[PDB]
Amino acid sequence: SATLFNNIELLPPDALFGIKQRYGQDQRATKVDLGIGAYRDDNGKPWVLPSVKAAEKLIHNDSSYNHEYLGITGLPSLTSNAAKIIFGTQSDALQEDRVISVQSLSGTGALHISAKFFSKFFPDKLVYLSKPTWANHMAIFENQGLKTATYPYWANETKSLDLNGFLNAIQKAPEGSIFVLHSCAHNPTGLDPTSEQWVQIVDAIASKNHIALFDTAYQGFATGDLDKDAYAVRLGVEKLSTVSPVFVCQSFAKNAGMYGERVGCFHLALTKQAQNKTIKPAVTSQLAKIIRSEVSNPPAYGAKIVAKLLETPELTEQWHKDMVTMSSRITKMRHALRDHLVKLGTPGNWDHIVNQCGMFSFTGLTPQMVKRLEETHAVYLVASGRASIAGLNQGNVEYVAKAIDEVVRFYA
């Protein structure tokens, strides 16, 4: 047992969290961080939403403030209200009591409960991801032994969404397969299907009896409206109601700015069955077990902040405004960056920067160009070309626009 770990290999640093580390140790005064999609304000610093500042003040003025354990399934105030913003107030699933909501460790925790659940009951089901999906998606499912497949999404040629490649993959896929869909604001591309395209996408999923899992991490950042950004999820909840179980992995890391507090919810819209009376508490019990065996119970403070935010009508209102505040500054920078490149006369077309939505911009820069931006210009992007627009501000947009210009011309 003295040489037990001698054969264990070194895994490389995380694709996204690694760029954060390199950025941190870089001593150059010119460094710019456009890696991890974290919201930064006009001065390039983290921004605690006003709505949460107010909510945190109420929480601490409460005489019953403590750090006592929450239930295994989390805070009811959080779960109940969270499901309302995703599914909708006039939701059939909610009204019919077909929704199982449990508090998880943000969006990743919700995705892990789904993967662990799948690996225990339906280990054979293939997990389909978007060709250019979130960097951690594959690992989450493969950490549980599930086999993952890929469906066309991004067409590099036209910088558009390959709708025919997507719909084909849903047809040429085993009946009952799990399709992981980005509800809105596609991390990495930032290109979502239109309302019309979502109908086709969901009708295809309904005809093959496939299981839809909506990874919801940016509700509020696509259009700045919560209801508009939940169109895909609600559309699937009505159509897959008699077809298959709907999985919703909700994260408050971005829209509520909770990030490191790990606040999120795992939802499950059961199918219309007569025996749902027993099924409901049956599955819920399975979930409670997974949570108890791995985490015991979820973090309280962050969950208490979001609950009060969702409960209190004036903080819910202020939160809506904080999201328009964030989504509007990101738009102003998409324009500022595109116009600077147009003024610099940078080769090629750059309108895709403003056309894409969300927090990012799939620039279309080659790995070579991305490497030079870091090593030569101290600008940090994801090796894929993805850049966090929130890292841009009036004080650095031109420096970044000139750096991009140089690297595009350098490899021309």
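So that there is no doubt, residue numbering starts at 1 and follows the sequence shown.
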Fill in: Residue range whose averaged C-alpha B-factor is higher in the record, 225-233 or 277-285
277-285
Worksheet item: Per the entry, where is the mean C-alpha temperature factor higher: 330-338 or 150-158?
Response: 150-158
Practice prompt. Name the one of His137, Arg292, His267, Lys131 with the greatest CA B-factor according to the PDB entry.
Written response: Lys131
Practice prompt. From the list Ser296, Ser244, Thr189, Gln219, select the residue with the highest C-alpha B factor recorded in the entry.
Written response: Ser244
Item to complete: For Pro13, return the chain-relative third of its C-alpha B-factor as stated in the PDB record: lowest, middle or highest.
Response: middle
Item to complete: Give the position of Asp215 by CA B-factor within its chain, expressed as the lowest, middle or highest third.
Response: lowest
Fill in: Among modelled residues of the same chain, the CA temperature factor third for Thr312
middle
Practice prompt. Using the B-factor values recorded in the entry, state whether the Cα atom of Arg98 falls in the lowest, middle or highest third among the modelled residues of its chain.
Written response: highest
Item to complete: Select lowest, middle or highest to describe the third in which the CA B-factor of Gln394 falls within its chain in this entry.
Response: highest
